[PDB]
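Starting off, we have a lone chain in the form deposited in one PDB entry, written out as structure tokens.
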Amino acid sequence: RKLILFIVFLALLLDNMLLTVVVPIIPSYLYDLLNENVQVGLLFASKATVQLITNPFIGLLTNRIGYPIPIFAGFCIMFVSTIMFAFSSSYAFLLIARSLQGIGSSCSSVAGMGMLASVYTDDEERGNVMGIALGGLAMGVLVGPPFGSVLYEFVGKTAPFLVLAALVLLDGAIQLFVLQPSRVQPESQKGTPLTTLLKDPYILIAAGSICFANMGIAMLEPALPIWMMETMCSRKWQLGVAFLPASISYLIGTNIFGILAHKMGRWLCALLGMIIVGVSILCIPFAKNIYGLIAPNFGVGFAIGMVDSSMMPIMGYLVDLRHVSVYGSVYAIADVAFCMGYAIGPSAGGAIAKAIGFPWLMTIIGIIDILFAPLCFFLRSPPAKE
């Protein structure tokens, strides 16, 4: 059980490190405080809209053949994408590699959380373990951009991707020796169909709380001033620094609240997280400086980690309670909810910021987050099966 948790942690860590190592490199491929960028928006939306599409199939797939094979396929796709990045001399193949990374993320984020849920059947154990696993995502996002900047400038253009490929090969060897995916291992019972789970209001509440928490940051990041050419020409260090606050805060929030959400109550933890997300992004329109975004980014990361640590275990809890205890489809739903913000926001936020304005966009997103929060009260005591 320890080694499965370590494998999931490492998979998410390297996934989100490959996700973000490209940040210092992106400006070289395309060359008010917040202005939306189409070409950055496409880089954000490609992986997310391929992972969202892939997610339901992985939920259905893990029922047929079990979890280890999709996890190993996620590793394979991650390695192939990492190799393709190191030799992508064009923007369109950057998009292609992002789509491949989306497929791999779908695999290793649906089947890894499903295996965590199935291996840790205790509710409190599952909460703690999933908090650690999401801390892995936070660590990957933390490490990515600075590693990319250091190796890109002081070693060479291809060095960060080759080193990351070596790390991914180590991850694959660990998965080979632990999971041994050579044999098809179907689930012990047929899971509840996806259409029936989507008709459950409480799973909808949890998925909505997961989804709306990510909307504001999903619409903020493609609009950051760091993509402007003055950063590439003079201010390069901001490309590495800009994602540190949210990563640190998300890491701390997930680590503490994986433990704390069970004692406090995951409904109350998610409600407070949603309120804090709504309030912290309402403070973004106040910023007239890039340094003004540091505190709202820290608050947003902390509260998003809080919401995730509250809501990821209850996805397994709700199927253990009201449905058949098979975890692939509920985490397909949860990952669809997570990816929907980064899939839609880079386009919808740009259109809305053109229509009414970006400060009003962030204001409305925060207001929506605040208004959604009372719905978490329904998760306090859901009824069981008949």
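Note that residue numbering follows the sequence shown and begins at 1. Only the largest set of C-alpha atoms that superpose within 1.5 Å between the two forms is called the rigid core.
- The records show that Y31 is omitted from the coordinate set of at least a third of the other eligible entries of this protein.
- Gap check for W360 to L361: zero deposited residues are absent from the model.
One more form of this protein exists, namely the form deposited in another entry; it is left out here, but the text below deals with it.
- Here the two forms are overlaid on the core, and between this form and the one not shown the C-alpha of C233 is the only one among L198, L169, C233, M264 to shift by 2 Å or more.
- Relative to the superposed rigid core, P245 undergoes a CA displacement of at least 2 Å between this form and the one not shown.
- Relative to the superposed core, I53 undergoes a Cα shift smaller than 2 Å between this form and the one not shown.
- Relative to the superposed rigid core, the position of the CA of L42 differs between this form and the one not shown by 2 Å or more.
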